[PDB]
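1. So I pulled this structure from the PDB, and the sequence comes with it:
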Amino acid sequence: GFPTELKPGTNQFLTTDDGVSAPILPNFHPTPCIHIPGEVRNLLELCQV
Amino acid sequence: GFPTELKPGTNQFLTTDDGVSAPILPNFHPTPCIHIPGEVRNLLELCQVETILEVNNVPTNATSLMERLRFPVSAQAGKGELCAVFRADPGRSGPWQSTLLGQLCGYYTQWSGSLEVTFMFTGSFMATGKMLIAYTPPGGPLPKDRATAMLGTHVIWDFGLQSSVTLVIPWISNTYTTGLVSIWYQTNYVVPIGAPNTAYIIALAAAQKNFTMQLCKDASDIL
Amino acid sequence: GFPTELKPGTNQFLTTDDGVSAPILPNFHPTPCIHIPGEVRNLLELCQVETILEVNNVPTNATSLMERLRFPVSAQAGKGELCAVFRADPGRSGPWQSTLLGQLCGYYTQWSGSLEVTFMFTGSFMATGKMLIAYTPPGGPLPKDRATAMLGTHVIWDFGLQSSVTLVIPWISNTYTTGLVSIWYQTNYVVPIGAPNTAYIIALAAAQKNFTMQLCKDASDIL
Amino acid sequence: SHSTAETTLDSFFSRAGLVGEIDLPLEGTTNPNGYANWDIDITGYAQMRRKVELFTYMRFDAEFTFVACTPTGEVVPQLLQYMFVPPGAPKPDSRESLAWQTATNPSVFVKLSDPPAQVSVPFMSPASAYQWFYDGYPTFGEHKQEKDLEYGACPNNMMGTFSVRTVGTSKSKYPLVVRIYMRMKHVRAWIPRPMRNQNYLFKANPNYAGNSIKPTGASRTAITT
Amino acid sequence: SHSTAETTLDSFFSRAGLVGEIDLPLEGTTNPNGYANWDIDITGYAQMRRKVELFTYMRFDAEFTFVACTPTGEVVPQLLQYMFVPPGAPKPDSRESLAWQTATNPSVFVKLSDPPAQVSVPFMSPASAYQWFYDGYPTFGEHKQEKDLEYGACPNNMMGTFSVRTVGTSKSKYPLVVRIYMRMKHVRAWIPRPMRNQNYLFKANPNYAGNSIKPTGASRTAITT
Amino acid sequence: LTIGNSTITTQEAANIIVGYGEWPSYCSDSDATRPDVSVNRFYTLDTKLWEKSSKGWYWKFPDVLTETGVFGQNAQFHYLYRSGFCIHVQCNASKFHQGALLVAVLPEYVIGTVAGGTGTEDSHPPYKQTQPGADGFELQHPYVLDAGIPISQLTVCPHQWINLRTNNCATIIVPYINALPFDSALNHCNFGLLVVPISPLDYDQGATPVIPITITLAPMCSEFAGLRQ
């Protein structure tokens, strides 16, 4: 009973589209991320060496 | 588990519908917009600038299209009748198409406002004379003579003023559908010796602040 | 990634369904609504204005349709029986169709309220006489004579009052289904010499504040 | 017998009625070009003309819906283009006209498999209100030399026109029928006038018959009911 | 005659117009490879070139829509892949090119049964604004030995290119036609210039005819209207 | 009751009714001269003759004063027009006469012609029927107001009853009613004034067979504006 029109470009699959989807294993708890000394967050860090 | 009925007109593609869609490049950061001195936010800004009015829309030859811009005043004709500027309707075809206002009015269907038309005398400095500009509202016909034209909305233009004479027409609408301004010889063109006996005057026209356009329509010849 | 089940009756097109849809011109700004003196917000406003009641719904000829509006009182008949206005049911066919109320009641199926019916005597100034208006509730039949009609809801109308006599009927419903008002000769039409011996009276009828309509239905002959 | 919301201007007019049907047959005399132009007529719905003429000045939005099927009501894999042509812009004459491409004429691209297209048209009149009755002439000029059939005409109530066609360079494979439904939204009515008495003879004028009739004359006599 | 929002830069340009059509026939001379590359041309829509050339510098987003059907407008069970190839990356040459697989070229996978694909392209120019008029030469070098047809050319306004193809190893079973609609979103215009006077002769330069014309010359004489 | 050089004598203690509850006001908008000198006085139309066989009369505004008054000189010289009206319909009768006049004001009174026959094909009404001047025009079919619109419901418009037994005058004040703040004068007739017999004139023989309908009217807030043609 809630009005909704489906706007153009619905069932399209855009590769770059950033959305969320159902988890294939919704109870699986991944091994907690410990510390690893070297880390990179931006490629510019490498561009500056 | 959330109730939803798909209301009529779902998968329709309306061109004017203003919605948002997925970004084709959701990480691409466009080069930041710096400053560029001239900017336009409303087309009315352009509608308010004065642009040359081709009142002399008579010649057609490619090597005489420059005659369109200015119309002449000369010692020849005396106390007669100079030129009748097309009706106050910047949208309709004719002289008003030389203006930027006119070309813009071609991109809309309805418009309403007041217009300014400054006339620029470009004769010699030693030349003088009096012209009679008079605007006659729509419905009423073109005044038969000057004296009859004088009894209505009129402006006496002496060449003690070089260009400062400027007619302000009250209102323009859309459905003699529109009123016409006529320019009259109140006084014959008078010059001393060594001064040219024929002079040309340029008409410039714009819209006032109260001018607006409404319903949009793309009517351009090319392409 | 947001859970949604499409509940029954999705892509249905219900005519009465009140929803919003995409604008065909999402930049077009309609000309601002100025003021126009007369306005209507509820049809009941029209239902409350007095409109001519064709009690004399007897003639049918095109050149005598104006006889419908007024019914006559004359010196001819004495202490008899004038005219029986159709039952208090503005919706049903008959005299009440001349009223705006009646035509509006044709656009709805159910209605309930009180109605006012003012009678307007248009005889000479010198003319006098007494008429007996009496309303008899539904179920009960039309009173056989005046005296018996007097023992019920009744109104004595003298021509010391030109039009001010006005009957207020209590209630109107939908399922003698509805009660009928009758007008009676209490006294013979009396005039001096030089005064016309026949006069016509116009009936005007409206609804009171407490009148309402409910279920809508489009029943018009044309087109 | 308590709520009065039933008799408001809004609830009286607001209701989607069948207002016109477009016919695009496979082969025939009607539309051999596989397209048609439908000017927006409020009087498409029968009872609506006598309704709105209860008042003189009016103002409203309108919600259009397009129920499209074959003449059997069969839905077919066909793509449709509903184009709105505003009062200003010109209507398309040929199937390959440049009017179908002009952007300022908004278009709707649906499928018969998709639920009926639904759009909303705002108040188009250049005046402050629509006007079913014009006691005069549109032009504001001394022009009185022609046959004045412009009496009653008011070209300011023009709401534009829809343009239905089968998308594609080649003619459609299926026989189609497009039905149009209009629903009045936000409505205001102004000057009340008496409701139509006689049958409508024409479309743009309140002319009537040479023989006048009456609402009803049941009573054979005034005395007896 | 009250609201001025109608004449804004946004409401003047923002409107989805048909900007190009891709043809993928069953058998023919046009596209025997069942694919095509369409470089983004704003001048695909006719009236748009004269429009945007009212200004010199501009900046905008663009929303693309893909209405796809057979040349009869019939919708068929066919899977389509619309790939966007950014200015940098190279365009696909063959149907089995590795350009169709390269991730940095975003792709859209739709069906004709699915409503027209809709995506949004951001401001691609490396400059701070687009530039329809370049009074000079792109290169910043003394290179002046060739035929300078680079005059008026400004390869910084490159918006990329879409790549339409029928998904699958084998050729499509149905004849298809893909239509592309562009809609300008957030728009800013900068330097105003007079609107085009003569007909456009070419695509990348404001050249004109050897015989100049005029807006209109109705008046046979200056005196009489 | 004197306004300017015009002096009329009537009862200043009747039932003055204002159309749709709104007095004629001056336009303070942008759509655009306010004369109330010799355009303020009373204009008195030639008397009509209330008779047994009478069908009814109507007048079209502002057309009724287009050529007849100084008011007209401002309406024919200006391409824009806006004004209200004070209408005063009074008839003089004796206590031995009868009748009932419905004086009403229906804005946008579009007149219709007829079309009988197996095939209906009619023209559009002439100027004399459309814009009858100050002479007015007699109704052809009064029961449908020459427009297929029943007079039975005419009372929804600014109306007053003239009962020769009761009344003698009917006064209606009508404000500028239109969809535009300013309109034409010689082209658009903002409203029509209906004066129609519902209860017909009657009298014993020997009495004056014609009761004189006199129309005295003056524009309350005339504002022509526009420019001089």
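-> That came in fine, so what should we check first? Numbering: from 1, shown residues only, chains lettered A, B, ... in the order given.
2. Up against chain E, what does chain D have?
-> Contacts of chain D with chain E, taken as CB under 8 Å from any CB of the partner chain, map to D:77-80, D:98, D:101-104, D:106, D:109, D:111, D:113-114, D:126, D:166-174. For every residue, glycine as well, the C-beta is placed using N, CA and C.
3. Return a PyMOL selection command for the buried portion of the residues you listed.
-> Applying 16 or more other CB atoms under 10 Å in any protein chain shown to these leaves a buried subset, and the PyMOL line that selects it is:
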select buried, chain D and resi 77+78+79+80+101+102+103+104+106+109+111+114+126+166+167+168+171+172+173+174
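4. Now intersect the residues of chain D next to chain E with the strands, please.
-> Within the residues of chain D next to chain E, residues falling in strands by DSSP state E are D:79-80, D:109, D:111, D:166.
5. What is the neighbour count of the nearest residue to residue A:5 once chain neighbours are set aside?
-> If you skip the residues right next to it in sequence, residue A:5 has residue B:10 as its closest partner in space, 4.8 Å away by CB to CB, 6 or more residues apart in numbering or on different chains. Under the neighbour criterion other CB atoms under 10 Å in any protein chain shown, residue B:10 is assigned a count of 21.
6. swap in the one 5 residues further on?
-> Residues lying near residue B:15 (other CB under 10 Å) number 21.
7. residues in contact with it?
-> Under the criterion of CB atoms under 8 Å, 6 or more residues apart in numbering or on different chains, the contact partners of residue B:15 comprise D:103, D:106-108, E:15-17, E:181, E:183.
8. Which residue lies nearest the spatial centre of chain D?
-> residue D:41 (2.0 Å; CA atoms, centre = their mean).
9. gap between that one and residue D:62?
-> 12 Å (CB to CB, to the nearest Å).
10. now swap in residue F:51 and tell me
-> Computed with CB to CB, the distance linking residue F:51 and residue D:62 is 49 Å.
11. of these two, who's got more company?
-> Legend: neighbour count by other CB under 10 Å for residue F:51 and residue D:62, higher for residue D:62 (22 against 14).
12. Helix, strand, or coil at that one?
-> Secondary structure of residue D:62, reduced to three states by DSSP: H, G, I helix; E, B strand; the rest coil: strand.
13. and if you look at residue F:197?
-> For residue F:197, the assignment made with three-state DSSP gives strand.
14. just the one 5 residues further on next, same as before
-> Here residue F:202 takes the coil state, with states given by three-state DSSP.
15. Would you agree it is in contact with residue F:98?
-> Yes - when contacts are counted by CB atoms under 8 Å, residue F:202 is listed as touching residue F:98 (4.7 Å).
16. Quick check: neighbours shared by those two?
-> Taking CB under 8 Å, 6+ apart as the contact definition, residue F:202 and residue F:98 share the neighbouring residues C:196, C:199.
17. just checking, the residue nearest to the centre of chain D touches residue D:17?
-> No - Residue D:41 sits out of contact with residue D:17 when judged by CB under 8 Å, with a separation of 11.9 Å.
18. and the residue of chain A found nearest chain D, backbone torsions?
-> Using CB to the nearest CB, the closest approach of chain A to chain D is made by residue A:5 at 7.5 Å. Main-chain torsions, residue A:5, degrees, to the nearest 10: phi -100, psi 130.
19. State the distance from it to residue C:21.
-> Look at residue A:5 and residue C:21: by CB to CB, they are 7 Å apart.
20. And residue A:16, by the same measure?
-> With distances defined as CB to CB, the gap from residue A:16 to residue C:21 amounts to 31 Å.
21. Now do the SS call for residue F:21.
-> In three-state terms, and counting by three-state DSSP, residue F:21 is coil.
22. Number of residues surrounding it?
-> Using other CB under 10 Å, residue F:21 has 10 other residues around it.
23. For it, which non-adjacent residue is spatially closest?
-> The spatially closest residue to residue F:21, leaving aside those adjacent along the chain, is residue C:37, at 7.7 Å (CB to CB, 6+ apart).
24. For chain D, which segments count as strands?
-> D:17-24, D:35-39, D:57-69, D:79-85, D:107-111, D:117-121, D:130-131, D:161-166, D:176-189.
25. of the ones you listed, which approaches residue E:51 most closely?
-> strand D:107-111 (18.4 Å; CB to CB).
26. what pairs with that closest one, and is each one parallel or antiparallel?
-> When pairs are called by DSSP bridges, strand D:107-111 turns out to pair with strand B:13-14 (antiparallel), strand D:79-85 (antiparallel).
27. Most tightly packed of those?
-> Here the criterion is mean neighbour count by mean count of other CB atoms under 10 Å in any protein chain shown, and of these the winner is strand B:13-14, at a mean of 26.
28. chain center to it: distance?
-> A distance of 36 Å separates the centroid of the chain from that of strand B:13-14, by CA atoms, centre = their mean, to the nearest Å.
29. residues in contact with it?
-> Outside strand B:13-14, the residues that touch it by CB under 8 Å, 6+ apart are A:8, C:22, C:24, D:106-110, D:119, E:65, E:67, E:115-116, E:181.
30. try stretch F:64-81
-> Outside of stretch F:64-81, the residues within contact range by CB under 8 Å, 6+ apart are B:137-140, B:179, D:140, F:31-33, F:35, F:38-39, F:43, F:45, F:62, F:131, F:133-134, F:136, F:182-186, F:193, F:219, F:222, F:224-229.
31. Those residues, buried ones only, as a PyMOL selection?
-> For anyone working in PyMOL, the buried entries among the contacts of stretch F:64-81, judged by 16+ other CB under 10 Å, can be selected with:
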select buried, (chain B and resi 137+138+139+140+179) or (chain D and resi 140) or (chain F and resi 31+32+35+39+43+45+62+131+133+134+136+182+183+184+185+186+193+219+222+224+225+226+227+228+229)
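32. circling back to that earlier point, who are the contact partners of the residue nearest to residue A:5?
-> Counting by CB under 8 Å, 6+ apart, residue B:10 makes contact with A:4-6, C:11, D:114-115.
33. give me phi/psi at the residue most central in space within chain F?
-> Taking CA atoms, centre = their mean, the centroid of chain F lies closest to residue F:193, which sits 3.0 Å from it. Main-chain dihedrals, residue F:193, degrees, to the nearest 10: phi -100, psi 110.
34. these two touch, right, it and residue F:103?
-> Yes - shown here, residue F:193 and residue F:103 form a contact pair, counting by CB under 8 Å, at 7.3 Å.
35. between the two, what contacts are shared?
-> residue F:87.
36. residues in chain D within reach of chain B, list them.
-> That would be D:65, D:86-89, D:102-104, D:106-111, D:114-119, D:124, D:126, D:138-142, D:155-156, which are the residues of chain D within reach of chain B (CB under 8 Å from any CB).
37. I misspoke; the intended subject was chain F.
-> Residues of chain F that fall close to chain B, judged by CB under 8 Å from any CB: F:30-32, F:77-80, F:184, F:226-229.
38. Between these, which sits nearest chain B?
-> When these are compared against chain B (criterion: CB to the nearest CB), the nearest one is residue F:229, at 2.5 Å.
39. ok, now which ones touch the closest residue in space to that closest one that isn't next to it in sequence?
-> Ranked by CB to CB, 6+ apart and with sequence neighbours excluded, the top spatial neighbour of residue F:229 is residue B:140, at 2.5 Å. Contacts for residue B:140 (CB under 8 Å, 6+ apart) come out as B:176, B:179, F:77, F:79, F:228-229.
40. do the same with residue F:190
-> Residue F:190 touches D:135, F:61-62, F:107-108, F:176-178, F:183, counting by CB under 8 Å, 6+ apart.
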